[PDB]
2 protein chains.
Amino acid sequence: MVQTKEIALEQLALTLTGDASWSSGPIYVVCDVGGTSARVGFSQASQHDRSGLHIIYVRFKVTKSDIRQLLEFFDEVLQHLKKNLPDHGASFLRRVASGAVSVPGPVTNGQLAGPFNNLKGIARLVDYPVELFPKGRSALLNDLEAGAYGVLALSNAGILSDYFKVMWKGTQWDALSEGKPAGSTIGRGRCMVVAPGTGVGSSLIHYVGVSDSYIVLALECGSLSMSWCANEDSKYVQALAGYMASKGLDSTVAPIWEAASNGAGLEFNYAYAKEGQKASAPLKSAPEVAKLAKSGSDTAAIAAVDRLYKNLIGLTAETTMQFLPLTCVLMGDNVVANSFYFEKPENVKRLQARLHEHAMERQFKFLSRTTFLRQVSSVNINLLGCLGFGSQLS
Amino acid sequence: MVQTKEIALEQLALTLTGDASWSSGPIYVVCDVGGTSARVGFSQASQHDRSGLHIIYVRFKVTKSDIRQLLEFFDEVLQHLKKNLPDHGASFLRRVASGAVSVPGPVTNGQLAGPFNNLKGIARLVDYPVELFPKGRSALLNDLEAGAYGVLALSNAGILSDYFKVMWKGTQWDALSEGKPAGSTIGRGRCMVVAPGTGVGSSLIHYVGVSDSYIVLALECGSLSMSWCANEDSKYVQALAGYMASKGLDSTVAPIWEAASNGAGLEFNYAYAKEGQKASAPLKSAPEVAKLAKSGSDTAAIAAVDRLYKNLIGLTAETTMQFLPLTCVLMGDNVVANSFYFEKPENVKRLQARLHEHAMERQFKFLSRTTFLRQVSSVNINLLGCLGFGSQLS
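Definitions and limits used
Residues numbered from 1 in each chain as written, not as in the entry; some residues may be left out. Chains lettered and ligands numbered in written order. Heavy atoms only, no water. Helix = DSSP H or I, 4+ residues; strand = E, 2+ residues; numbered from the N terminus. Rg over C-alpha atoms; globule rule 2.2 N^0.38 Å. Areas by Shrake-Rupley, 256 points an atom, 1.4 Å probe, with all protein chains shown as cover. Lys, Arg positive; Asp, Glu negative; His and termini not counted. Charge placed at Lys NZ, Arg CZ, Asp CG, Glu CD. Domains from an automatic or database assignment. Contact = heavy atoms within 4.5 Å. Buried area = accessible area lost by both parts, 1.4 Å probe. Polar contact = N/O pair within 3.5 Å; in protein donor to acceptor, adjacent residues only side chain to side chain. Least-squares fit on C-alpha atoms. Patch = residues over 30% accessible without salt bridge, like charges linked within 9 Å, V, L, I, M, F, W, Y side chains within 5 Å. Salt bridge = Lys/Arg side-chain N within 4 Å of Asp/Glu carboxyl O. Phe/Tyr/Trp six-rings, centres within 6.5 Å; stacked < 30°, edge-to-face > 60°. Buried < 20%, exposed > 50% of the residue type's maximum accessible area, 1.4 Å probe, protein only. Nonpolar A, V, L, I, M, F, W, Y, C, P; charged D, E, K, R; others polar. Pairing = 2+ DSSP bridges. Axes fitted to C-alpha atoms, helices over the stretch in contact; angles between N-to-C directions. Parallel < 35°, antiparallel > 145°, perpendicular 65-115°, else oblique. Left-handed = near helix turned anticlockwise from the far one by under 90°. Core = buried A, V, L, I, M, F, W, Y, C linked by side-chain atoms within 4.5 Å.

Draft legend 1. Local environment of the overall build of chain A. A tally of helices and strands in chain A yields 15 helices and 15 strands. Its C-alpha radius of gyration of 22 Å places chain A within 12% of the 21 Å reference for a compact globule of 394 residues. Oriented by its inertia axes, the alpha-carbon framework of chain A measures out at about 70 × 50 × 40 Å. For chain A, the accessible surface area stands at approximately 15900 Å², while carbon and sulfur atoms represent 48% of it. Chain A carries 37 positive and 34 negative side-chain charges, and their two centres are separated by 2 Å.

Draft legend 2. Fine view of the domain arrangement of chain A. Residue and element names in this part refer to chain A. The domain architecture assigned to chain A consists of domain 1 (1-158 + 380-394) and domain 2 (159-379). In this structure, domain 1 and domain 2 have C-alpha centres spaced 30 Å apart. The partner domain 2 presents 21 residues to the 19 residues of domain 1 that form the contact. Roughly 1800 Å² is buried in total at the junction of domain 1 and domain 2, and carbon and sulfur atoms are behind 71% of that figure. Considering only the surface of domain 1 that becomes buried against domain 2, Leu144, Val151 and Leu154 emerge as the three largest contributors, covering 30% of it. Here domain 1 is connected to domain 2 by nine residue pairs in polar contact. Elements that contribute at least two residues to the side of domain 1 that touches domain 2 include exactly α4 (143-156) and α15 (381-391).

Draft legend 3. Representation of the relation of the copies chain A and chain B within the structure. The transformation that overlays chain A on chain B combines an axial shift of 0.0 Å with a rotation of 180°, and the residual RMSD is 0.5 Å. In short, the pair behaves as if placed about a two-fold rotation axis. Minimal C-alpha separation from the rotation axis in chain A is found for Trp228 of chain A, amounting to 1.9 Å. The overlap is high: 100% of the interface residues of chain A also sit at the interface in chain B, so the same surface is used on both sides.

Draft legend 4. Spatial organisation of a negative patch on the surface. A cluster of like negative charges, contributed by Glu10, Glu72, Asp75 and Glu76 of chain A, occupies part of the molecular surface. Within the element layout of this structure, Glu72 of chain A appears in helix α2 (residues 70-84).

Draft legend 5. A look at the packing of aromatic side chains. Applying the stated criterion across every chain yields a total of 33 aromatic pairs over all chains. Ring geometry for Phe60 of chain A and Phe73 of chain A: centres 4.7 Å apart, planes at 20°, overall stacked. Here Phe60 of chain A, found in strand β4 (residues 53-61), pairs with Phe73 of chain A, found in helix α2; they are 13 residues apart in sequence, far enough to count as distant. The pair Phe60 of chain A / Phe73 of chain A is uniform in exposure class, with both members buried. With a centroid separation of 5.2 Å and 35° between ring planes, the pair formed by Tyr309 of chain B and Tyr341 of chain B is classed as tilted. Taken together, the residues span a long stretch of sequence, with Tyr309 of chain B in helix α9 (residues 299-323) and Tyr341 of chain B in helix α11 (residues 339-342) at a distance of 32 residues. With respect to class, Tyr309 of chain B is no different from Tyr341 of chain B; both count as buried.

Draft legend 6. Region of interest: the interface of chain A and chain B. The interface of chain A with chain B comprises 56 residues on the first partner and 57 residues on the second. In this assembly, chain A packs against chain B so that about 4400 Å² is buried in total across both faces, 62% of it on carbon and sulfur atoms. Among the residues chain A hides against chain B, the three largest losses belong to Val210, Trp228 and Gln322 of chain A. Together they make up 19% of the total. Across the pair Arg362 of chain B and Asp250 of chain A runs a salt bridge whose closest N-O atoms are separated by 4.0 Å. Counting every contact that joins chain A to chain B gives 16 residue pairs in polar contact. When residues of the side of chain A that touches chain B are traced back to their parent elements, those giving at least two are β9 (138-142), β12 (200-208), β13 (213-219), α7 (231-245), α10 (299-323) and α14 (359-364) of chain A. In the side of chain A that touches chain B, the residues fall into 28 nonpolar, 20 polar and eight charged.

Draft legend 7. Examining the sheet that holds strand β1 (residues 2-7) of chain B more closely. Residue and element names in this part refer to chain B. Within the open sheet, the six strands sit side by side as β1-β4-β3-β2-β5-β9. Their pairing is mixed. Each having just a single partner strand, β1 and β9 (138-142) make up the two edges of the open sheet. Each strand of the sheet is rotated relative to its neighbour by a mean of 20°, with strand direction disregarded. As defined by bridge partners, strand β3 (residues 37-44) adjoins strand β4 (residues 53-61) across eight bridges and the pair is classed as antiparallel. Of the residues in β4, the one forming a bridge with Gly41 is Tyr57. Sheet contacts for helix α2 (residues 70-84): β2 (27-34), β3, β4 and β5 (96-103); angle to β3, the most-contacted strand, approximately 45°.

Draft legend 8. Spotlight on unusual backbone geometry. Residues and elements named next belong to chain A. For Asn109, which is not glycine, the phi torsion reads 55° and is therefore positive. Tracing the backbone through its elements, the reader meets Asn109 in the loop between β6 (107-108) and β7 (112-113). Notably, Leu324 is not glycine yet its phi reads approximately 40°, a positive angle.

Draft legend 9. Structural detail: the sheet that holds β4 of chain A. Residues and elements named next belong to chain A. Taken in spatial order, the six strands of this open sheet run β1-β4-β3-β2-β5-β9, and their pairing is mixed. At either margin of the open sheet sits one strand with a lone partner, and together these are β1 (2-6) and β9. Averaged over all pairs of adjacent strands, the angle between strand axes in this sheet comes to 20°, irrespective of strand direction. As judged from the five bridges shared by β1 and β4, these two strands associate in the parallel manner. When the sheet's bridge partners are listed, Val2 is paired in β4 with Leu53. In the packing of α4 onto the sheet, the strands contacted are β1, β4, β5 (96-103) and β9, and the crossing angle to β9 comes to about 105°.

Draft legend 10. Molecular detail of α15 of chain A. Here α15 of chain A lies mainly inside the structure; 10 of its 11 residues are buried. Restricting attention to buried positions, one finds in α15 of chain A the residues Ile381, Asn382, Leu383, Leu384, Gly385, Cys386, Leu387, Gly388, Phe389 and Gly390 of chain A.

Draft legend 11. Layout of the packing of helix α8 (residues 263-274) of chain A against helix α9 (residues 286-295) of chain A. Residue and element names in this part refer to chain A. Packing of α8 against α9 brings their axes to within 8 Å, and their N-to-C directions diverge by 60°. The pairing of α8 with α9 is recorded here as oblique in orientation. The two elements α8 and α9 meet at a crossing, and its hand is left-handed. Each of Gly263, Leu266, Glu267 and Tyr270 in α8 lies in contact with α9, whose residues at this interface are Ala286, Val289, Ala290 and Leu292.

Draft legend 12. Fine view of the pairing of strand β13 (residues 213-219) of chain B. Residue and element names in this part refer to chain B. In terms of burial, β13 is largely enclosed, as six of its seven residues are buried. Taken together, the seven bridges between strand β12 (residues 201-208) and β13 define a ladder with antiparallel strand orientation. Across the sheet, the residue bridging to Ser203 is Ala218, located in β13. The hairpin formed by β12 and β13 contains four residues between the paired strands, and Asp212 there has a positive phi angle of roughly 45°.

Draft legend 13. How the structure looks around the pattern of salt bridges. On inspection of all chains with the given rule, the structure shows 22 salt bridges over all chains. Among the salt bridges present, the one from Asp49 of chain B reaches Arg50 of chain B, with a minimum N-O distance of 3.6 Å. For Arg50 of chain B, a relative accessible area of 46% puts it in the partly exposed group. As a salt-bridge pair, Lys64 of chain B and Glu72 of chain B come within 2.9 Å of each other at their nearest N and O atoms. In this structure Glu72 of chain B comes out as partly exposed when scored by relative accessible area, which is 38%. Via salt bridges that share partners, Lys64, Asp66 and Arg68 of chain A belong to a single interconnected network.

Draft legend 14. View of the nonpolar core. The biggest cluster of nonpolar side chains holds 195 residues, and the ones touching the most others in it are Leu154, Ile205 and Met331 of chain A together with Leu154, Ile205 and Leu330 of chain B. Contacts of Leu154 of chain B, omitting those with residues within four sequence positions, involve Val2, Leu53, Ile159, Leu160, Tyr163, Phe164, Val379, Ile381 and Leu384 of chain B. The next biggest cluster of nonpolar side chains, apart from the first, holds 40 residues, and it includes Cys31, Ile56, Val62 and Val107 of chain A.

Structure below.
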């Protein structure tokens with residue numbers, strides 16, 4: 001499985017010297033930024049068909065609310081290794097196969113992470129310690145790009161089924177699976193990744209036959225306009241649009257798919273199902289609605305959740321058609337937390353029903369080719385993705 | 001410039017021994033299958049600031065209407081080189097750097113290409129002769145995947161501007177252009193490629209900072225459902241939906257973007273403009289409509305063509321948001337043939353305004369970052385793309 005230990009910076013060399021696994025094999029430098037917290041550390045695999053992935057990280061605090069503070073952190077790690085390893089961390093650093101930083105903001109060509117709304121400064125990959133971020137073997141990653149690499153990492157480790165469950169198997173799985181069971185691997189094909197939460201993240205693991213390797217593309221599929229529709233479905237999109245305007249934003253402008261599939265949307269859904277076409281005020285927060293839905297009481301909370309995932313799947317009907325993926329993965333803390341919804345066969349059936357409303361499934365059965373998976377176990381997917389990135393390097 | 005020359009198979013050797021510019025340097029095998037022909041040949045670069053790209057090809061007729069007949073053309077090409085070149089073509093064949101086959105259908109992992117609409121059989125890369133298609137160095141490419149590589153080959157040759165013009169320059173161009181003017185190159189950034197016509201093809205040139213290279217992803221963005229809208233726009237989407245429902249479809253099932261931006265949709269658009277809303281049949285075919293629009297002698301034809309390209313742009317608003325590309329290229333014979341529309345500044349600004357209607361432009365100006373280009377001159381872009389493909393190999 002995935003073993004993750006957070007350690008004090010002072011305990012780093014102690015931890016590295018304490019477990020001989022660290023003494024051999026490639027080392028993948030991992031780092032993720034989120035909130036006031038920059039976790040910086042190291043990852044490696046171990047050769048099995050149950051690979052076992054290990055991560056060790058130090059949690060640093062962004063005390064200046066400034067992304068350039070990563071430089072201080074990398075130097076503290078580096079100076080600690082030279083000061084607390086017998087060979088100045090020579091034998092360790094020579095095995096660094098890659099370095100990656102997952103950041104919660106826009107990223108340019110994996111080389112520059114642009115303005116953040118709540119942090120100062122620009123992340124520039126070139127400014128980073130070459131010993132932690134080897135030339136030509138390093139990148140800044142979008143949060144969802146890193147997450148997708150994490151999925152791949154889990155897959156290559158043979159451990160996908162411990163963290164993900166099959167929602168439904170696509171018609172094209174067996175033909176492409178090389179004899180492997182659905183959910184055992186993402187397999188040799190595209191994997192479309194969507195992650196609902198505050199916003200709705202997306203990314204694509206693209207499989208490359210020529211080199212038998214994968215590359216992840218960061219995406220903004222949550223920001224695709226909702227699809228046209230009529231009647232009751234259209235009344236909802238209309239209400240969502242007007243709500244989102246309440247920026248030359250009209251109620252005549254389509255709202256983005258994210259708005260119907262995130263926390264904000266869940267809160268809107270609750271109002272909409274109770275009265276809604278009335279007080280735009282949601283009152284109940286997304287946590288509450290979901291808890292109320294899990295309980296089974298509040299009929300409106302249940303409908304609001306149902307509409308939430310019906311529309312999340314509606315977004316996936318679009319992504320499934322555009323990318324024709326072997327697999328589509330629904331992930332993130334919210335998907336794990338709302339496992340109760342997907343544990344009901346009737347619900348899964350109705351979700352697959354929704355996917356199948358797309359014109360291209362109706363006419364040509366394109367979308368049903370895709371195997372859908374759901375995250376069930378929490379994990380530091382973004383840290384793992386820093387390994388996933390490194391593992392795909394030519 | 002681009003130098004492309006069809007020859008008969010009997011002339012292959014004398015062509016390659018005639019001009020000495022085939023005597024040295026990498027050779028990229030090219031092949032494009034279209035309608036009733038399979039062009040098979042050889043391509044190379046040259047050394048200029050404006051590179052110079054050379055393609056020599058033989059046009060085989062797929063008289064068996066079977067994709068497997070490719071194997072016969074391939075052998076004919078090989079046998080000819082063995083019989084007529086000094087050394088059984090061994091010196092020339094030794095220099096084959098890659099091989100690629102552009103096919104008018106969906107490709108699986110670059111290795112298999114599927115049922116086609118008017119060719120029996122499955123294209124299997126594993127079955128192609130290694131001398132033309134070296135192991136680890138070859139791929140089947142979809143139509144627009146090859147086309148995108150062709151754009152890239154032109155850009156890298158420094159000759160993009162002889163084939164493409166700027167429609168509008170993006171706000172992010174200067175920052176990412178490295179001092180190069182808009183239109184002189186695609187730049188170090190994502191290029192979204194769209195090609196309307198009989199259908200609407202799409203592909204993405206993705207830039208990889210780590211490797212300073214590109215990879216093209218085939219796409220089906222033409223099959224994304226049209227975006228939600230209201231008022232008169234929703235009236236048109238509803239009419240189009242019913243028209244396409246003339247497979248289980250209703251006028252409540254969203255039509256795909258392709259349907260509002262292709263030849264068929266143009267024919268619908270004219271009927272819609274002239275009859276109005278209860279339109280149910282073409283009245284005039286796509287080229288007459290475009291001719292009438294170019295004359296300005298038919299207001300409905302002007303209106304049908306205006307709607308067609310506003311909707312093509314509507315499609316590109318969603319692709320522009322999803323992929324946030326540095327450039328978007330509109331290309332293909334239809335874009336070239338309807339140059340008259342794009343040649344009028346008043347139209348180009350209309351298109352750009354349409355682009356800017358997206359919720360994500362109105363709010364955050366995401367869409368205006370991108371530079372839009374259009375094809376102005378014909379070129380064998382798919383064969384060029386087989387070279388583009390070879391040029392990006394690791």
